[PDB]
file data.tsv (TSV, C-alpha atoms)
chain	number	residue	atom	x	y	z
A	1	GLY	CA	29.84	-20.58	-5.90
A	2	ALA	CA	28.37	-17.64	-4.03
A	3	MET	CA	24.78	-16.80	-4.94
A	4	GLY	CA	21.43	-16.22	-3.27
A	5	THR	CA	19.14	-15.92	-6.30
A	6	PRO	CA	18.96	-12.09	-6.55
A	7	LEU	CA	16.40	-12.27	-9.35
A	8	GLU	CA	13.68	-13.09	-6.82
A	9	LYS	CA	13.86	-9.49	-5.59
A	10	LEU	CA	12.81	-8.10	-8.96
A	11	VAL	CA	10.54	-11.04	-9.66
A	12	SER	CA	8.47	-9.75	-6.74
A	13	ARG	CA	7.94	-6.36	-8.42
A	14	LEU	CA	6.86	-8.12	-11.60
A	15	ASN	CA	3.98	-9.59	-9.60
A	16	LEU	CA	3.95	-13.18	-10.80
A	17	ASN	CA	1.31	-15.70	-9.79
A	18	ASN	CA	1.51	-19.47	-9.25
A	19	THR	CA	1.02	-19.98	-12.97
A	20	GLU	CA	3.92	-17.69	-13.85
A	21	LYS	CA	6.27	-18.70	-11.04
A	22	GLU	CA	5.94	-22.41	-11.80
A	23	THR	CA	6.90	-21.78	-15.41
A	24	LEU	CA	9.81	-19.58	-14.33
A	25	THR	CA	10.93	-22.26	-11.88
A	26	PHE	CA	10.57	-24.87	-14.62
A	27	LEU	CA	12.63	-22.68	-16.97
A	28	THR	CA	15.43	-22.07	-14.48
A	29	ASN	CA	15.50	-25.72	-13.38
A	30	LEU	CA	15.65	-27.10	-16.92
A	31	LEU	CA	18.55	-24.75	-17.61
A	32	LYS	CA	20.42	-26.21	-14.60
A	33	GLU	CA	19.51	-29.58	-16.11
A	34	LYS	CA	20.43	-29.27	-19.78
A	35	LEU	CA	22.97	-26.41	-19.90
A	36	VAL	CA	25.44	-28.64	-18.07
A	37	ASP	CA	25.71	-30.48	-21.38
A	38	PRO	CA	28.26	-28.87	-23.77
A	39	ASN	CA	25.86	-29.62	-26.64
A	40	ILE	CA	23.16	-27.54	-25.01
A	41	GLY	CA	25.14	-25.04	-22.98
A	42	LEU	CA	27.83	-24.38	-25.55
A	43	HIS	CA	27.98	-20.72	-24.62
A	44	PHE	CA	27.27	-21.49	-20.97
A	45	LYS	CA	30.25	-23.81	-20.53
A	46	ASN	CA	32.59	-21.54	-22.44
A	47	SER	CA	31.35	-18.40	-20.68
A	48	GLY	CA	31.89	-19.89	-17.24
A	49	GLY	CA	30.06	-23.14	-16.67
A	50	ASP	CA	28.70	-22.21	-13.25
A	51	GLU	CA	25.18	-22.84	-11.95
A	52	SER	CA	25.11	-19.25	-10.72
A	53	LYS	CA	25.86	-18.04	-14.26
A	54	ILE	CA	22.33	-19.17	-15.03
A	55	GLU	CA	21.00	-17.36	-11.98
A	56	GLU	CA	22.71	-14.20	-13.25
A	57	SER	CA	21.72	-14.60	-16.90
A	58	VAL	CA	17.98	-15.14	-16.32
A	59	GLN	CA	18.05	-12.02	-14.17
A	60	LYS	CA	19.87	-9.80	-16.68
A	61	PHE	CA	17.77	-11.31	-19.46
A	62	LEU	CA	14.39	-10.45	-17.97
A	63	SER	CA	15.64	-7.13	-16.58
A	64	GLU	CA	16.02	-5.72	-20.10
A	65	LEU	CA	12.51	-6.84	-21.06
A	66	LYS	CA	9.01	-5.59	-20.41
A	67	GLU	CA	6.98	-6.89	-17.48
A	68	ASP	CA	4.22	-7.86	-19.90
A	69	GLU	CA	6.78	-9.56	-22.15
A	70	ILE	CA	7.86	-11.67	-19.20
A	71	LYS	CA	4.21	-12.67	-18.83
A	72	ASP	CA	4.12	-13.23	-22.60
A	73	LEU	CA	7.17	-15.49	-22.45
A	74	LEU	CA	6.05	-17.54	-19.46
A	75	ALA	CA	2.53	-17.96	-20.88
A	76	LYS	CA	4.01	-19.29	-24.11
A	77	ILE	CA	6.41	-21.66	-22.33
A	78	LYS	CA	3.65	-22.70	-19.95
A	79	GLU	CA	1.10	-23.77	-22.55
A	80	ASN	CA	3.77	-25.60	-24.56
A	81	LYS	CA	5.07	-27.25	-21.40
A	82	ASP	CA	1.60	-28.20	-20.20
A	83	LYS	CA	0.73	-29.83	-23.52
A	84	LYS	CA	4.07	-31.61	-23.85
A	85	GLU	CA	4.44	-32.72	-20.24
A	86	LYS	CA	1.72	-35.17	-21.21
A	87	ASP	CA	4.60	-36.95	-22.94
A	88	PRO	CA	7.82	-37.01	-20.84
A	89	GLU	CA	10.06	-37.55	-23.87
A	90	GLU	CA	8.39	-34.82	-25.91
A	91	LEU	CA	8.70	-32.41	-22.99
A	92	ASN	CA	12.34	-33.47	-22.62
A	93	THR	CA	13.10	-32.37	-26.17
A	94	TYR	CA	11.26	-29.10	-25.53
A	95	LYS	CA	13.27	-28.43	-22.36
A	96	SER	CA	16.41	-29.19	-24.36
A	97	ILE	CA	15.51	-26.69	-27.09
A	98	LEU	CA	14.60	-24.02	-24.52
A	99	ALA	CA	17.97	-24.29	-22.79
A	100	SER	CA	19.93	-24.42	-26.05
A	101	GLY	CA	18.16	-21.20	-27.00
A	102	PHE	CA	18.67	-19.43	-23.68
A	103	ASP	CA	22.33	-20.48	-23.88
A	104	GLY	CA	22.81	-17.66	-26.38
A	105	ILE	CA	22.69	-15.12	-23.52
A	106	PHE	CA	26.10	-16.36	-22.33
A	107	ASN	CA	27.51	-15.23	-25.67
A	108	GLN	CA	26.57	-11.59	-25.26
A	109	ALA	CA	23.26	-12.09	-26.99
A	110	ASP	CA	20.46	-9.55	-26.61
A	111	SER	CA	17.66	-10.40	-24.21
A	112	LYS	CA	14.91	-9.83	-26.77
A	113	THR	CA	16.87	-11.63	-29.48
A	114	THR	CA	17.13	-14.58	-27.10
A	115	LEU	CA	13.56	-14.10	-25.86
A	116	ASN	CA	12.06	-14.55	-29.29
A	117	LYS	CA	13.80	-17.93	-29.44
A	118	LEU	CA	12.10	-19.08	-26.25
A	119	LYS	CA	8.75	-17.52	-27.10
A	120	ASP	CA	8.99	-18.96	-30.61
A	121	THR	CA	10.15	-22.44	-29.67
A	122	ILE	CA	6.82	-24.15	-30.20
call {"tool": "encode", "arguments": {"input": "data.tsv", "output": "structure tokens"}}
result
Amino acid sequence: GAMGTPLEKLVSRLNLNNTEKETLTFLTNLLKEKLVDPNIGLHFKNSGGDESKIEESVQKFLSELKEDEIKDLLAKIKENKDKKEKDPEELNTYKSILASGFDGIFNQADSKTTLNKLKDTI
């Protein structure tokens, strides 16, 4: 598919640091990892099933949020990640839950309604 990660243009105006970007990268990469499973990307697969659909969704998701809520989200994911990455299997489940929650966006779900899922995972 055609895509050049357009979200990175607005990510720049959000002013994210290494701590934020790593979490965002982690998020996006776990999506491209778990959403390819119809059990996890139920909406993803049935909305398109394209890697770039993720690259669009994350963008449209965060675009309708607050800059400080993006920080809020990433900080939440980060700390959970960082405490669960101590255990690869535990982190794996976490990544799975994250993706299965973000998957809602592909079903015309609101960005905040889907955000609360991610920010309220652990």
call {"tool": "closest_residue", "arguments": {"input": "data.tsv", "among": "A:54, A:74, A:105, A:99", "to": "residue 3 in chain A", "atoms": "all atoms listed in the file"}}
result
A:54
call {"tool": "residues_around", "arguments": {"input": "data.tsv", "residues": "residue 82 in chain A", "least_positions_apart": "4", "cutoff": "10 Å", "atoms": "only C-alpha atoms", "output": "list in words"}}
result
residues 23, 77, 78, 86, 87 and 91 of chain A
call {"tool": "write_last_selection", "arguments": {"input": "data.tsv", "atoms": "C-alpha atoms", "output": "PDB file, in the frame of the given file"}}
result
ATOM      1  CA  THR A  23       6.900 -21.780 -15.410  1.00  0.00           C
ATOM      2  CA  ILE A  77       6.410 -21.660 -22.330  1.00  0.00           C
ATOM      3  CA  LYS A  78       3.650 -22.700 -19.950  1.00  0.00           C
ATOM      4  CA  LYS A  86       1.720 -35.170 -21.210  1.00  0.00           C
ATOM      5  CA  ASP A  87       4.600 -36.950 -22.940  1.00  0.00           C
ATOM      6  CA  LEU A  91       8.700 -32.410 -22.990  1.00  0.00           C
TER       7      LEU A  91
END
call {"tool": "residues_around", "arguments": {"input": "data.tsv", "residues": "range 57-73 of chain A", "least_positions_apart": "2", "cutoff": "7 Å", "atoms": "all atoms listed in the file", "output": "number ranges by chain"}}
result
A: 7, 14, 53-55, 75-77, 105, 111-112, 119
call {"tool": "closest_residue", "arguments": {"input": "data.tsv", "among": "A:5, A:42, A:49, A:33", "to": "residue 92 in chain A", "atoms": "only C-alpha atoms"}}
result
A:33
call {"tool": "residues_around", "arguments": {"input": "data.tsv", "residues": "residue 97 in chain A", "least_positions_apart": "6", "cutoff": "12 Å", "atoms": "all atoms listed in the file", "output": "ChimeraX atom specification"}}
result
/A:27,30-31,34-35,39-41,77,81,90-91,103-104,117-122
call {"tool": "atom_distance", "arguments": {"input": "data.tsv", "atom1": "CA of residue 95 in chain A", "atom2": "CA of residue 45 in chain A"}}
result
17.7 Å
call {"tool": "build_atoms", "arguments": {"input": "data.tsv", "residues": "range 74-99 of chain A", "atoms": "N, CA, C and O atoms", "output": "JSON list (two decimals), in the frame of the given file"}}
result
[["chain", "number", "residue", "atom", "x", "y", "z"],
["A", 74, "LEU", "N", 6.45, -16.47, -20.37],
["A", 74, "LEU", "CA", 6.05, -17.54, -19.46],
["A", 74, "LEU", "C", 4.75, -18.21, -19.92],
["A", 74, "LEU", "O", 4.64, -19.43, -19.86],
["A", 75, "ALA", "N", 3.80, -17.42, -20.39],
["A", 75, "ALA", "CA", 2.53, -17.96, -20.88],
["A", 75, "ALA", "C", 2.76, -18.89, -22.06],
["A", 75, "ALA", "O", 2.15, -19.96, -22.15],
["A", 76, "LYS", "N", 3.65, -18.48, -22.95],
["A", 76, "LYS", "CA", 4.01, -19.29, -24.11],
["A", 76, "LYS", "C", 4.66, -20.60, -23.67],
["A", 76, "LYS", "O", 4.23, -21.68, -24.07],
["A", 77, "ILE", "N", 5.69, -20.49, -22.84],
["A", 77, "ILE", "CA", 6.41, -21.66, -22.33],
["A", 77, "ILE", "C", 5.46, -22.58, -21.59],
["A", 77, "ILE", "O", 5.49, -23.80, -21.77],
["A", 78, "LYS", "N", 4.61, -21.98, -20.78],
["A", 78, "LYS", "CA", 3.65, -22.70, -19.95],
["A", 78, "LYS", "C", 2.79, -23.62, -20.79],
["A", 78, "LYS", "O", 2.79, -24.83, -20.61],
["A", 79, "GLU", "N", 2.06, -23.03, -21.73],
["A", 79, "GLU", "CA", 1.10, -23.77, -22.55],
["A", 79, "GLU", "C", 1.79, -24.89, -23.32],
["A", 79, "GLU", "O", 1.27, -26.00, -23.43],
["A", 80, "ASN", "N", 2.98, -24.60, -23.85],
["A", 80, "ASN", "CA", 3.77, -25.60, -24.56],
["A", 80, "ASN", "C", 4.18, -26.72, -23.61],
["A", 80, "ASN", "O", 4.05, -27.90, -23.92],
["A", 81, "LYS", "N", 4.70, -26.32, -22.46],
["A", 81, "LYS", "CA", 5.07, -27.25, -21.40],
["A", 81, "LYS", "C", 3.89, -28.14, -21.03],
["A", 81, "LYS", "O", 3.99, -29.36, -21.09],
["A", 82, "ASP", "N", 2.78, -27.51, -20.70],
["A", 82, "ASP", "CA", 1.60, -28.20, -20.20],
["A", 82, "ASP", "C", 1.03, -29.19, -21.22],
["A", 82, "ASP", "O", 0.40, -30.17, -20.84],
["A", 83, "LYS", "N", 1.24, -28.93, -22.50],
["A", 83, "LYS", "CA", 0.73, -29.83, -23.52],
["A", 83, "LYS", "C", 1.75, -30.91, -23.86],
["A", 83, "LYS", "O", 1.39, -31.96, -24.40],
["A", 84, "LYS", "N", 3.01, -30.66, -23.54],
["A", 84, "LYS", "CA", 4.07, -31.61, -23.85],
["A", 84, "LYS", "C", 4.46, -32.45, -22.65],
["A", 84, "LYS", "O", 5.03, -33.52, -22.81],
["A", 85, "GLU", "N", 4.15, -31.97, -21.45],
["A", 85, "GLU", "CA", 4.44, -32.72, -20.24],
["A", 85, "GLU", "C", 3.56, -33.96, -20.15],
["A", 85, "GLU", "O", 3.77, -34.84, -19.32],
["A", 86, "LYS", "N", 2.56, -34.00, -21.03],
["A", 86, "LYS", "CA", 1.72, -35.17, -21.21],
["A", 86, "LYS", "C", 2.57, -36.34, -21.73],
["A", 86, "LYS", "O", 2.25, -37.51, -21.52],
["A", 87, "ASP", "N", 3.65, -35.98, -22.41],
["A", 87, "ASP", "CA", 4.60, -36.95, -22.94],
["A", 87, "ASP", "C", 6.01, -36.59, -22.48],
["A", 87, "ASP", "O", 6.63, -35.67, -23.02],
["A", 88, "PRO", "N", 6.53, -37.32, -21.48],
["A", 88, "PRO", "CA", 7.82, -37.01, -20.84],
["A", 88, "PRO", "C", 8.96, -36.80, -21.84],
["A", 88, "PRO", "O", 9.79, -35.91, -21.66],
["A", 89, "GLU", "N", 8.99, -37.61, -22.89],
["A", 89, "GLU", "CA", 10.06, -37.55, -23.87],
["A", 89, "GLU", "C", 9.92, -36.31, -24.75],
["A", 89, "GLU", "O", 10.91, -35.66, -25.08],
["A", 90, "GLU", "N", 8.68, -35.98, -25.10],
["A", 90, "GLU", "CA", 8.39, -34.82, -25.91],
["A", 90, "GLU", "C", 8.74, -33.55, -25.14],
["A", 90, "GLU", "O", 9.35, -32.62, -25.68],
["A", 91, "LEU", "N", 8.36, -33.52, -23.86],
["A", 91, "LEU", "CA", 8.70, -32.41, -22.99],
["A", 91, "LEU", "C", 10.22, -32.29, -22.84],
["A", 91, "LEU", "O", 10.76, -31.19, -22.80],
["A", 92, "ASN", "N", 10.89, -33.43, -22.77],
["A", 92, "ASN", "CA", 12.34, -33.47, -22.62],
["A", 92, "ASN", "C", 13.03, -32.75, -23.77],
["A", 92, "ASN", "O", 13.94, -31.95, -23.56],
["A", 93, "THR", "N", 12.57, -33.03, -24.99],
["A", 93, "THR", "CA", 13.10, -32.37, -26.17],
["A", 93, "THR", "C", 12.84, -30.86, -26.10],
["A", 93, "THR", "O", 13.72, -30.06, -26.40],
["A", 94, "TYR", "N", 11.64, -30.50, -25.66],
["A", 94, "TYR", "CA", 11.26, -29.10, -25.53],
["A", 94, "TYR", "C", 12.18, -28.38, -24.55],
["A", 94, "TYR", "O", 12.71, -27.31, -24.86],
["A", 95, "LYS", "N", 12.36, -28.97, -23.37],
["A", 95, "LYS", "CA", 13.27, -28.43, -22.36],
["A", 95, "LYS", "C", 14.67, -28.25, -22.94],
["A", 95, "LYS", "O", 15.35, -27.26, -22.67],
["A", 96, "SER", "N", 15.09, -29.22, -23.75],
["A", 96, "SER", "CA", 16.41, -29.19, -24.36],
["A", 96, "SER", "C", 16.54, -27.98, -25.29],
["A", 96, "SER", "O", 17.51, -27.23, -25.23],
["A", 97, "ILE", "N", 15.53, -27.79, -26.13],
["A", 97, "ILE", "CA", 15.51, -26.69, -27.09],
["A", 97, "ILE", "C", 15.51, -25.34, -26.36],
["A", 97, "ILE", "O", 16.25, -24.43, -26.73],
["A", 98, "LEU", "N", 14.67, -25.24, -25.33],
["A", 98, "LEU", "CA", 14.60, -24.02, -24.52],
["A", 98, "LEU", "C", 15.98, -23.62, -23.99],
["A", 98, "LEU", "O", 16.41, -22.49, -24.16],
["A", 99, "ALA", "N", 16.67, -24.57, -23.38],
["A", 99, "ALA", "CA", 17.97, -24.29, -22.79],
["A", 99, "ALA", "C", 18.99, -23.94, -23.86],
["A", 99, "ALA", "O", 19.75, -22.98, -23.70]]
